[PDB]
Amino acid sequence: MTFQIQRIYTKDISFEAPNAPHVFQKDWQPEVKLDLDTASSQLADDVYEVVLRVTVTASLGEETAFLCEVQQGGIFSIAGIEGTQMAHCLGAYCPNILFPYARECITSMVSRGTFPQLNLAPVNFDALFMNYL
């Protein structure tokens, strides 16, 4: 086969601390909720675009601490592979490459908002793909 990463970029970034000023009085580890989405598309022949969307909802007590979302995209060149092997390349292999980027983006945004450190636990995309089927 043939695989080549052509570009990696953030298509969309969002961070919100609606109750920010006053919710700071609540100093502790906020309950976090993570959500993932992966969608691809063919930009040209053997040139695809995979997008990884990661949403993190956090709350302190009974109120929102912050909401953060990121859509991390990448352009890849895939050849030789096809059928199921391809579905797995774009649905698990590429998102796995992009996860570190989205993860860091979220960590950076959370840090900018002056909230407690937030490190997304590693995700097994291979396992997640096995549930998509």
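We number the residues from 1 along the sequence you see.
Of 91 to 99 and 26 to 34, the one with larger mean CA B-factor: So the stretch with the higher mean C-alpha B-factor is 26 to 34.
Per the entry, higher mean C-alpha B factor between 81 to 89 and 49 to 57: Between 49 to 57 and 81 to 89, it is 81 to 89.
Taking the Cα B-factors listed in the entry, which of 41, 64, 108, 72 comes out highest? Highest C-alpha B-factor among the listed residues goes to 41.
Modelled-residue ranking by C-alpha temperature factor, third containing residue 130: Highest third.
Could you say whether, by C-alpha temperature factor, residue 1 belongs to the lowest, middle or highest third of its chain? As the PDB entry reports it, the C-alpha B-factor of residue 1 lands in the highest third of its chain.
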